[PDB]
Amino acid sequence: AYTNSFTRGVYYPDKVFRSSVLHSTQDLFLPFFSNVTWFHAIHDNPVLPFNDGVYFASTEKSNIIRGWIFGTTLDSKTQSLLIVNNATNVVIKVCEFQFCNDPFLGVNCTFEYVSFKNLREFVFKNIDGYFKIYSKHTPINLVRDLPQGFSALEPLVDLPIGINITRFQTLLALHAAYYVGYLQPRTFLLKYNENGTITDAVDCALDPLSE
Amino acid sequence: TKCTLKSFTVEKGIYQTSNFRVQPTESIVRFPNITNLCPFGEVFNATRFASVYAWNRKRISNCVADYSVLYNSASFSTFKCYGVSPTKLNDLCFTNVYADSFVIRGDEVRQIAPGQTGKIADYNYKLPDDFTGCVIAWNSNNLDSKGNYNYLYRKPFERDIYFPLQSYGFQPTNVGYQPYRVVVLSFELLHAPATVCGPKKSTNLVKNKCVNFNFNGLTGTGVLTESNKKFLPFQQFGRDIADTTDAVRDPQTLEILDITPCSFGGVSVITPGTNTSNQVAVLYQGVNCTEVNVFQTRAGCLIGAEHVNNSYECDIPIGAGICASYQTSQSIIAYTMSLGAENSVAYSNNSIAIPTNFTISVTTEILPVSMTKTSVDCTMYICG
Amino acid sequence: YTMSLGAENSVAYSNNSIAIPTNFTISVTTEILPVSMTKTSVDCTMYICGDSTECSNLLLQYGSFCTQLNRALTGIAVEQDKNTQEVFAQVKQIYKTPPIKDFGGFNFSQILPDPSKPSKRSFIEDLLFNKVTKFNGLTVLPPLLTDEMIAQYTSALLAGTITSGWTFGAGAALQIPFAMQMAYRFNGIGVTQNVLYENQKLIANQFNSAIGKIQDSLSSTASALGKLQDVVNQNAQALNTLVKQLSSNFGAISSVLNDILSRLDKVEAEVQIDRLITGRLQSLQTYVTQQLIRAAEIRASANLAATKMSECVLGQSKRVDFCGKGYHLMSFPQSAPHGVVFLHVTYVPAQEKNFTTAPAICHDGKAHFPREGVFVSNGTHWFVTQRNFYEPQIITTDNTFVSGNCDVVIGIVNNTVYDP
Amino acid sequence: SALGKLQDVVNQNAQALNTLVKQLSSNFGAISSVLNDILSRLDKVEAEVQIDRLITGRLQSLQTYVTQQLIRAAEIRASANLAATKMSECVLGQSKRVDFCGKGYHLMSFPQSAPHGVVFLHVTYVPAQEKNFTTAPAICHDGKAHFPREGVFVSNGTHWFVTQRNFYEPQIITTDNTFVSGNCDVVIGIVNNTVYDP
Amino acid sequence: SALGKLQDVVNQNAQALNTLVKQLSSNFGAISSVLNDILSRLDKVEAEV
Ligand SMILES: *[C@@H]1O[C@H](CO)[C@@H](O[C@@H]2O[C@H](CO)[C@@H](O)[C@H](O)[C@H]2NC(C)=O)[C@H](O)[C@H]1NC(C)=O
Ligand SMILES: *[C@@H]1O[C@H](CO)[C@@H](O[C@@H]2O[C@H](CO)[C@@H](O)[C@H](O)[C@H]2NC(C)=O)[C@H](O)[C@H]1NC(C)=O
Ligand SMILES: *[C@@H]1O[C@H](CO)[C@@H](O[C@@H]2O[C@H](CO)[C@@H](O)[C@H](O)[C@H]2NC(C)=O)[C@H](O)[C@H]1NC(C)=O
Ligand SMILES: *[C@@H]1O[C@H](CO)[C@@H](O[C@@H]2O[C@H](CO)[C@@H](O)[C@H](O)[C@H]2NC(C)=O)[C@H](O)[C@H]1NC(C)=O
Ligand SMILES: *[C@@H]1O[C@H](CO)[C@@H](O[C@@H]2O[C@H](CO)[C@@H](O)[C@H](O)[C@H]2NC(C)=O)[C@H](O)[C@H]1NC(C)=O
Ligand SMILES: *[C@@H]1O[C@H](CO)[C@@H](O[C@@H]2O[C@H](CO)[C@@H](O)[C@H](O)[C@H]2NC(C)=O)[C@H](O)[C@H]1NC(C)=O
Ligand SMILES: *[C@@H]1O[C@H](CO)[C@@H](O[C@@H]2O[C@H](CO)[C@@H](O)[C@H](O)[C@H]2NC(C)=O)[C@H](O)[C@H]1NC(C)=O
Ligand SMILES: *[C@@H]1O[C@H](CO)[C@@H](O)[C@H](O)[C@H]1NC(C)=O
Ligand SMILES: *[C@@H]1O[C@H](CO)[C@@H](O)[C@H](O)[C@H]1NC(C)=O
Ligand SMILES: *[C@@H]1O[C@H](CO)[C@@H](O)[C@H](O)[C@H]1NC(C)=O
Ligand SMILES: *[C@@H]1O[C@H](CO)[C@@H](O)[C@H](O)[C@H]1NC(C)=O
Ligand SMILES: *[C@@H]1O[C@H](CO)[C@@H](O)[C@H](O)[C@H]1NC(C)=O
Ligand SMILES: *[C@@H]1O[C@H](CO)[C@@H](O)[C@H](O)[C@H]1NC(C)=O
Ligand SMILES: *[C@@H]1O[C@H](CO)[C@@H](O)[C@H](O)[C@H]1NC(C)=O
Ligand SMILES: *[C@@H]1O[C@H](CO)[C@@H](O)[C@H](O)[C@H]1NC(C)=O
Ligand SMILES: *[C@@H]1O[C@H](CO)[C@@H](O)[C@H](O)[C@H]1NC(C)=O
Ligand SMILES: *[C@@H]1O[C@H](CO)[C@@H](O)[C@H](O)[C@H]1NC(C)=O
Ligand SMILES: *[C@@H]1O[C@H](CO)[C@@H](O)[C@H](O)[C@H]1NC(C)=O
Ligand SMILES: *[C@@H]1O[C@H](CO)[C@@H](O)[C@H](O)[C@H]1NC(C)=O
Ligand SMILES: *[C@@H]1O[C@H](CO)[C@@H](O)[C@H](O)[C@H]1NC(C)=O
């Protein structure tokens, strides 16, 4: 199953304030109106490829989605990035894990880090050995599917892991729905408003008018 | 004016001499108030380093480092740096520093640089082609030889965990065939929140006054002011269209300071010809007289010319309808220029004026037609 | 689609057919000319080096490149005042209009000054000023003449033009009644001046209505002033390009000169700073070169506007399409941001009739030719008529001249010539 | 101060050549401004790096000179095209173009040569001693409205005359210096005066 | 030779384009005028200069 991503999946490209300006940037963004795979949090968490990087999102009222897995073989023959996140606390590890038969929470370990009504949006990418995370939360009026409109994802976390990634997977919970899109090297033009918020963008390779 | 024109005689006019600039009153230092000395003892003086197939990265954060404690030491066989010079590192600061700690054969140090290739640089320790930071290396035969084959070898900052597994016979009798320790310091020199800094002591903050400043290693000069610019929590600096820094969050008290450059403008010098007088007036172009008799024109603050309520033909044009002249006991005066005498044409629906006599005017018009026909042998000009 | 060049038209030519216009329209047409551009001074040392002394000492190695860039921009800037002076200061005295506007029914109130305005612009100059729209060593210098002084010059040009005709260009302004000035403007297009006095209220209404259309056009149509807005936009685009080029690396480790000076020690820093100096100096040379070429285009437009002021406003022009389309009567200058607007008043002939025509007429064996105008027939009778307005006059020895006899002229016709 | 347009053209070209010569004193980042210092102090592998800084800066200096001479030559050509038009219209002609050949109504121009230029001595008629008169657009006679063939109807207070526009010469109003068109009632401000029949 | 002003404009614009094309054969101090020689002979950091 699939849906149209619309104008979703854009993030603040660097940690510099800008305002009342149209700023060009080239980075791994989610392409506008891209064809993004859809999944349900009940009765759907296979292993996906990671490609250059991922946009991940979930329409929610119940906090069932609680983390991710990344790496190459995922089978203890490698270090493998684990991210557990329950929206109050976070645990991150790269250790040589073997994961359980069904990845849900029942309600050489060289790196570690610790800390429908709603849509959570995330972006994940790996560049020069650094693994990067961004996010946003919003209320939603569309009950059924991934919504139209624009609001950018702020950065969260950046990890010096030095590790290869080509596959990923997600963690559920038991006593919502989720989406996967792939980032691509794209020039975007970003509208920073008077309050330095990115309020609009142009995907320069979408169509000839955008170019 | 004489030095600007490279002449001892100067004609009647207005001459743009050197740009006036308000000078920095004080030098301000604003750094994170973080007290820990950095754990560089755990970097350089760990009992055994990791093998280069599986090199170890230590994150340094939330501390002060005096890089002179490293760079002044006779212990290091090289301290080559890229994008930064080792003498400057105390004046400058970073989001994080990463120390890559590992051992190599002493011959192999050549491979540890941006853009290099070979059985380390293309295999197990690829640096970025635009690496910023320092490669520090030294002979460790007295520490790491035994041989000690455990120093195994096998994209940027990849760890390399038939197969290419290889070893060195590090024995104390080996000179290039001896073990060498390497620490590569990689500096996360982003315009983002700093946590590893040099020992530079922070001053008090100063506002509404032109100052030289240093924020986390960003040097500049300007008037610091309070601002409405809503920085999001991840943002530490703001930029102008030129990419010059336009605002900063103060690293100790999290308020957003807007930066304005210290006031500047051309010093136009107004002179009658030196043939008539050495008396002179000065226009500070676009400057306000509170920032520098004195007269505020819209063209700038004008000083040494008397403002006059009369109006005359324009002698020396200042701008925005103002001109200056040398007039009475002589003095420089500044006035609104007269466009011409006012005239009511005696119009009515039945009145005509007819000229009863004439004058033959002869008037001289002068037109350029040619200019000096130069030719330059560009080979004899350039190469003589 | 293939573009249309215009509607196709066979002109109804024959060896004996003429079309004469039986009525006219007073067109007022708007011509817009650039006259000046924004006067920029760039401190090349503050643009290139940003008040770094370290960079400023490297910029001395390049000699007089920086001073000859300032010299070129100063010549451009002084020329903008000269361009503006040559267009507007063509009037030697500040003429003013009378308190009573007894102009024979013509209504200049929308183009003459309004004292309620903060600068005493006209109604149309206020529309023109509404419809057309710093920190890195770049600075903008004010013009010498303020917009209020430009408006006093266009007021004096216009008040001279209305109260005295062309005479204020040739000497002292001689008063003449405006209907009598317009009667001279009619003779200057080969229309006999009784055509004005007999149609004076109609011609005044056509002028007043045509000025009403100028106000409606300028109030409705934001794109009307495109030549002046294009000059403003080119000046802004050139400065924004010059500012954005400060963010370029040119191959240096950073485009920020304070990064280079804080990260690197002197011998390494000087190599990186010289890449910025090289690229910023090339960037500023590119700006000054294209501003010198653009200043030459604005000067050509200002010389044209100064020539339209002299020939269209201070005179009446015989030059076809110089002072708008149609036969030029008169022009009024209005000030606009960085420019001038001429309201070119022109006679356009409007309601043709066809007639039979002859080059000459046979009477008593003599060939008669018209002194002024053309011989025309309505089908049964022959008249002499002025070329540009149908007014049939009886063919008479006073409106004709003899030369030779009937044998020579190709297409002569036999008709009586009256003897008074 | 009269010759300032020609003297400034001489001065601009002298200033441009002096700027071009003085730019030979510039290092452009080389060890010396003097090409013989570089070649007498440095061996070829080191010298060629320093000479390329001089070549780069001197070539940029000469490109700057030639570019500003091309722009200045276009300005002199615009002035020469104007001088060639003033020659044709005002020396070889009489120009009706207002203020093209001096202020006042153009009579004639005389060319005089000058260094790098031409001087036109524009002879012009300037009218000089105004007198005020009452005026009329037209005159009623036998109900006929009369208009002047050439010139204007004026009055000295008691009598009506016709004169040419640019010089006061009161002529008696007659059927020879006037033409009729229609009856009186159409014309705004017509006046009643006898028109003599010669 | 009658149309010399129009042919001069054609010749100047042809001469300007031929000069611009011939300037691709110039080294400007590089090891070759041909950008593919530099990229086939030299590795990144040595080629970029
Ligand atoms: C990252 O992991 C992938 C496997 O998921 C590696 O890709 C394989 O590389 C070999 C050569 O080393 C190729 O023959 C295979 O065809 C590749 N397989 C796939 C599925 O692409 C990749 O080389 C690794 N990269 C790094 C930098 O470690
Ligand atoms: C000249 O034309 C203007 C309009 O273009 C006339 O101005 C209007 O006059 C009436 C009173 O008669 C006012 O109610 C309007 O508000 C005026 N309009 C504007 C835009 O001011 C003016 O009256 C005319 N002058 C003469 C002498 O007829
Ligand atoms: C000459 O043309 C004008 C229009 O330019 C005519 O005047 C108009 O006449 C109509 C009636 O036919 C009126 O409704 C309009 O109000 C008039 N317009 C103006 C501006 O007054 C005029 O009638 C024509 N005259 C002749 C003799 O053909
Ligand atoms: C051509 O013009 C003449 C003169 O204007 C016209 O002749 C007059 O016609 C009217 C009736 O329309 C008569 O009352 C007059 O007595 C005629 N005058 C003379 C001197 O004959 C003539 O009708 C016009 N012809 C055409 C074909 O339009
Ligand atoms: C114009 O009128 C003249 C006479 O005034 C005409 O000329 C005569 O033509 C007839 C017939 O060809 C001859 O018999 C006469 O001898 C001619 N007389 C003269 C003096 O030449 C002439 O034909 C008329 N033209 C037109 C076009 O009708
Ligand atoms: C207007 O001009 C007329 C004609 O030039 C003047 O009339 C003459 O006046 C003198 C005395 O000044 C008499 O001797 C003549 O006999 C008059 N001639 C005629 C034909 O009447 C008249 O005086 C002038 N009026 C003014 C007010 O200057
Ligand atoms: C010009 O002269 C005519 C007479 O030739 C004057 O017309 C008379 O004016 C009076 C007063 O209005 C009337 O009672 C008569 O009936 C008119 N007669 C005619 C034949 O129209 C006219 O008023 C004079 N104009 C001026 C400006 O004085
Ligand atoms: C998305 O792509 C798949 C094939 O990869 C296709 O079957 C599906 O119809 C596409 N969806 C849309 C909305 O275009
Ligand atoms: C999130 O997990 C931590 C333990 O990892 C727990 O203390 C916390 O209560 C959890 N939050 C929720 C919302 O259950
Ligand atoms: C760590 O690496 C060693 C070989 O160096 C291996 O024997 C061991 O199994 C690894 N650790 C884990 C948890 O697999
Ligand atoms: C910026 O924020 C203020 C409230 O802090 C708000 O009034 C204003 O409208 C905002 N501007 C924009 C362009 O969102
Ligand atoms: C830094 O100073 C502020 C007060 O200026 C204080 O609140 C904060 O705790 C200090 N931080 C550290 C790391 O001591
Ligand atoms: C490392 O140890 C040596 C003595 O063995 C000492 O001189 C040096 O200062 C130490 N360096 C650090 C960074 O601890
Ligand atoms: C120069 O000075 C002399 C007196 O020394 C004076 O007569 C002359 O007018 C002056 N000329 C100018 C242009 O200043
Ligand atoms: C000049 O500066 C003072 C503040 O120092 C300000 O009050 C005044 O309005 C300014 N005037 C102008 C013309 O800028
Ligand atoms: C100019 O005139 C005003 C009154 O119009 C007066 O108050 C002012 O003091 C005068 N200024 C000078 C400099 O004479
Ligand atoms: C003039 O006559 C021709 C005859 O073919 C006709 O086409 C044209 O419309 C006529 N024009 C006028 C103004 O009567
Ligand atoms: C005018 O042309 C027609 C044919 O179009 C011809 O019959 C007639 O004779 C010509 N008249 C003259 C005088 O050429
Ligand atoms: C013309 O008459 C008016 C009447 O007010 C007077 O002011 C003016 O000076 C007179 N002009 C001449 C040239 O006599
Ligand atoms: C001029 O105005 C008067 C009233 O002041 C009037 O009688 C006369 O007809 C008008 N003449 C013209 C030419 O407008």
# chains A, B, ... in the order shown; residues from 1 in each chain; ligands from 1
$ residues_around --residues "residue B:107" --least-positions-apart "4" --cutoff "12 Å" --atoms "only C-alpha atoms" --output "PDB file with N, CA and C atoms, in the first residue's frame"
ATOM      1  N   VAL B 103      47.311   2.800  16.727  1.00  0.00           N
ATOM      2  CA  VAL B 103      48.746   2.577  16.452  1.00  0.00           C
ATOM      3  C   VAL B 103      48.978   2.064  15.033  1.00  0.00           C
ATOM      4  N   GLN B 111      50.239   8.365   5.123  1.00  0.00           N
ATOM      5  CA  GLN B 111      48.879   8.028   4.693  1.00  0.00           C
ATOM      6  C   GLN B 111      47.803   8.797   5.471  1.00  0.00           C
ATOM      7  N   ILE B 112      48.101   9.300   6.669  1.00  0.00           N
ATOM      8  CA  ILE B 112      47.107   9.935   7.540  1.00  0.00           C
ATOM      9  C   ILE B 112      47.032  11.437   7.225  1.00  0.00           C
ATOM     10  N   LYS B 119      47.092   1.160   1.866  1.00  0.00           N
ATOM     11  CA  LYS B 119      46.595   0.090   2.763  1.00  0.00           C
ATOM     12  C   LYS B 119      46.175   0.518   4.184  1.00  0.00           C
ATOM     13  N   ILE B 120      46.228   1.811   4.494  1.00  0.00           N
ATOM     14  CA  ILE B 120      45.463   2.435   5.580  1.00  0.00           C
ATOM     15  C   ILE B 120      44.409   3.392   5.011  1.00  0.00           C
ATOM     16  N   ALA B 137      51.187  12.438  16.053  1.00  0.00           N
ATOM     17  CA  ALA B 137      51.775  11.100  16.066  1.00  0.00           C
ATOM     18  C   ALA B 137      53.165  11.082  16.697  1.00  0.00           C
ATOM     19  N   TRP B 138      53.520   9.964  17.330  1.00  0.00           N
ATOM     20  CA  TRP B 138      54.829   9.776  17.948  1.00  0.00           C
ATOM     21  C   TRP B 138      55.272   8.317  18.005  1.00  0.00           C
ATOM     22  N   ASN B 139      56.588   8.111  18.030  1.00  0.00           N
ATOM     23  CA  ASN B 139      57.186   6.793  18.195  1.00  0.00           C
ATOM     24  C   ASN B 139      56.780   6.188  19.551  1.00  0.00           C
ATOM     25  N   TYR B 168      51.787  -6.512  11.927  1.00  0.00           N
ATOM     26  CA  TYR B 168      53.200  -6.116  12.030  1.00  0.00           C
ATOM     27  C   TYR B 168      53.912  -6.785  13.212  1.00  0.00           C
ATOM     28  N   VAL B 175      64.197   2.175  11.698  1.00  0.00           N
ATOM     29  CA  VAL B 175      63.371   2.817  12.732  1.00  0.00           C
ATOM     30  C   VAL B 175      61.907   2.925  12.298  1.00  0.00           C
ATOM     31  N   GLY B 176      61.644   3.062  10.997  1.00  0.00           N
ATOM     32  CA  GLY B 176      60.287   3.172  10.448  1.00  0.00           C
ATOM     33  C   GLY B 176      59.399   1.948  10.709  1.00  0.00           C
ATOM     34  N   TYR B 177      60.004   0.772  10.914  1.00  0.00           N
ATOM     35  CA  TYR B 177      59.339  -0.485  11.284  1.00  0.00           C
ATOM     36  C   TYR B 177      58.950  -0.589  12.773  1.00  0.00           C
ATOM     37  N   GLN B 178      59.157   0.461  13.567  1.00  0.00           N
ATOM     38  CA  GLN B 178      58.684   0.548  14.953  1.00  0.00           C
ATOM     39  C   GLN B 178      57.204   0.965  15.017  1.00  0.00           C
ATOM     40  N   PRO B 179      56.472   0.623  16.091  1.00  0.00           N
ATOM     41  CA  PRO B 179      55.130   1.145  16.305  1.00  0.00           C
ATOM     42  C   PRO B 179      55.170   2.644  16.620  1.00  0.00           C
ATOM     43  N   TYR B 180      54.176   3.361  16.113  1.00  0.00           N
ATOM     44  CA  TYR B 180      53.894   4.757  16.413  1.00  0.00           C
ATOM     45  C   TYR B 180      52.445   4.870  16.878  1.00  0.00           C
ATOM     46  N   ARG B 181      52.212   5.635  17.945  1.00  0.00           N
ATOM     47  CA  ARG B 181      50.873   6.056  18.363  1.00  0.00           C
ATOM     48  C   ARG B 181      50.420   7.252  17.541  1.00  0.00           C
TER      49      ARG B 181
END
$ residues_near_ligand --ligand "ligand 5" --cutoff "8 Å" --atoms "only C-alpha atoms and all ligand atoms" --output "mmCIF file with N, CA, C and O atoms, in the first residue's frame"
data_model
loop_
_atom_site.group_PDB
_atom_site.id
_atom_site.type_symbol
_atom_site.label_atom_id
_atom_site.label_comp_id
_atom_site.auth_asym_id
_atom_site.auth_seq_id
_atom_site.Cartn_x
_atom_site.Cartn_y
_atom_site.Cartn_z
ATOM 1 N N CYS C 362 -7.320 73.114 -65.265
ATOM 2 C CA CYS C 362 -7.359 73.938 -66.466
ATOM 3 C C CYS C 362 -8.447 74.992 -66.406
ATOM 4 O O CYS C 362 -9.625 74.643 -66.374
ATOM 5 N N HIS C 363 -8.073 76.263 -66.518
ATOM 6 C CA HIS C 363 -9.016 77.345 -66.786
ATOM 7 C C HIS C 363 -8.394 78.327 -67.774
ATOM 8 O O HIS C 363 -7.234 78.689 -67.615
ATOM 9 N N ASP C 364 -9.117 78.748 -68.812
ATOM 10 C CA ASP C 364 -8.595 79.601 -69.895
ATOM 11 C C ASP C 364 -7.275 79.084 -70.515
ATOM 12 O O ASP C 364 -6.418 79.855 -70.944
ATOM 13 N N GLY C 365 -7.079 77.764 -70.533
ATOM 14 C CA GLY C 365 -5.852 77.106 -70.995
ATOM 15 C C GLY C 365 -4.684 77.130 -70.005
ATOM 16 O O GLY C 365 -3.714 76.402 -70.192
ATOM 17 N N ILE C 412 -4.288 66.602 -65.162
ATOM 18 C CA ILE C 412 -5.033 67.861 -65.026
ATOM 19 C C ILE C 412 -6.527 67.699 -65.372
ATOM 20 O O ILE C 412 -6.869 66.914 -66.255
ATOM 21 N N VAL C 413 -7.419 68.451 -64.714
ATOM 22 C CA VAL C 413 -8.876 68.405 -64.953
ATOM 23 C C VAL C 413 -9.432 69.767 -65.332
ATOM 24 O O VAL C 413 -8.904 70.787 -64.912
ATOM 25 N N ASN C 414 -10.506 69.812 -66.113
ATOM 26 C CA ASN C 414 -11.126 71.057 -66.578
ATOM 27 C C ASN C 414 -12.188 71.539 -65.581
ATOM 28 O O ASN C 414 -13.213 70.881 -65.408
#
$ residues_around --residues "residue D:135" --least-positions-apart "4" --cutoff "12 Å" --atoms "only C-alpha atoms" --output "ChimeraX atom specification"
/B:347-354 /C:175-181 /D:139,148,151-157,159-163,165,189-192
$ residues_near_ligand --ligand "ligand 12" --cutoff "6 Å" --atoms "only C-alpha atoms and all ligand atoms" --output "list in words"
residues 33, 34, 252 and 253 of chain B
$ write_last_selection --atoms "N, CA and C atoms" --output "short mmCIF file (atom, residue, chain, number, x, y, z; two decimals), in the first residue's frame"
data_model
loop_
_atom_site.label_atom_id
_atom_site.label_comp_id
_atom_site.auth_asym_id
_atom_site.auth_seq_id
_atom_site.Cartn_x
_atom_site.Cartn_y
_atom_site.Cartn_z
N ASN B 33 30.48 29.04 30.22
CA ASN B 33 31.00 28.98 31.59
C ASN B 33 31.07 27.52 32.08
N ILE B 34 31.93 26.72 31.44
CA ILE B 34 32.12 25.29 31.71
C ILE B 34 33.51 25.04 32.31
N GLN B 252 26.30 32.45 27.78
CA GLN B 252 26.09 32.31 29.23
C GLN B 252 24.67 32.69 29.66
N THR B 253 24.13 33.81 29.17
CA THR B 253 22.73 34.21 29.37
C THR B 253 22.02 34.17 28.03
#
$ residues_around --residues "residue E:30" --least-positions-apart "4" --cutoff "10 Å" --atoms "only C-alpha atoms" --output "ChimeraX atom specification"
/E:26,34-35,38,47,49
$ interface_residues --of "chain B" --to "chain E" --cutoff "10 Å" --atoms "only C-alpha atoms" --output "MDAnalysis selection string"
chainID B and resid 114:117 129:130
$ select_by_dssp --residues "chain E" --states "alpha helix (DSSP H)" --output "PyMOL selection string"
chain E and resi 4-22+35-41+44-48
$ interface_residues --of "chain C" --to "chain B" --cutoff "6 Å" --atoms "only C-alpha atoms" --output "PyMOL selection string"
chain C and resi 93-96+102+142-146+163+174-177+243-244+246-247+263-265
$ residues_around --residues "residue C:61" --least-positions-apart "3" --cutoff "8 Å" --atoms "only C-alpha atoms" --output "list in words"
residues 57 and 58 of chain C; 26, 27, 28 and 29 of chain D
$ write_last_selection --atoms "C-alpha atoms" --output "JSON list (two decimals), in the first residue's frame"
[["chain", "number", "residue", "atom", "x", "y", "z"],
["C", 57, "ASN", "CA", 47.71, 45.32, 3.96],
["C", 58, "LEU", "CA", 47.31, 42.52, 1.34],
["D", 26, "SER", "CA", 52.57, 46.98, -7.87],
["D", 27, "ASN", "CA", 53.72, 43.60, -6.48],
["D", 28, "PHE", "CA", 50.34, 41.80, -6.88],
["D", 29, "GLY", "CA", 51.83, 39.47, -4.18]]
$ residues_near_ligand --ligand "ligand 17" --cutoff "7 Å" --atoms "only C-alpha atoms and all ligand atoms" --output "PyMOL selection string"
chain C and resi 12+19+352-354
